[PDB]
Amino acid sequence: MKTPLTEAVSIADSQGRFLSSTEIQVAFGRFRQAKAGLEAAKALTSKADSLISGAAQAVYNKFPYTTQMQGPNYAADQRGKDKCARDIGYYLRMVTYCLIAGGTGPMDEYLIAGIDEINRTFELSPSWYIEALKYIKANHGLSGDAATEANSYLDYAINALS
């Protein structure tokens, strides 16, 4: 679980050492950033339904075949649309977790690890998800550090898919 506090402890322990000024500076950096990050998680959470449905439509508009082809890996029916909205909601929810923890840890453990096998196995296209992520990025309406950190996690996800 990659977060400032967690890795600080982990490194000290792997070295059999007590925490020193280095790990304390790590915590300082974390607690300072937590203010912009925690507020960012809130902003994203309040616009969740909007961001999710908007991201879904952006994907449907860029890849029209996804609301037409009848295969189970697509969203031509209501079942597929819910799967898609659900998935996109998952990505958004992981982003809020990352902001809360101040690291990619939540996303790495619950979503990224294994996603390749899932997309391949169920024939889901990474490009669909990337488009959804670009949309959230362009419409979360954040600014300041909040924007930078949230975008860092959205781009992280994009990188993990390409």
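The first residue of the sequence shown is number 1, and the count goes up from there.
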Exercise. Read off the CA B-factors in the entry, average them over 45-53 and over 125-133, and name the higher stretch.
Key: 45-53
Quiz item: With respect to the recorded C-alpha B factors, which stretch has the higher mean value, 89-97 or 35-43?
Solution: 35-43
Self-check item: Entry-reported Cα temperature factor of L154, expressed as the chain third it lands in
Solution: lowest
Quiz item: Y110's Cα B-factor: lowest, middle or highest third of the chain?
Solution: lowest
Practice problem: Looking at the entry's B-factor column for C-alpha atoms only, identify whether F28 ranks in the lowest, middle or highest third of its chain. | Solution: highest
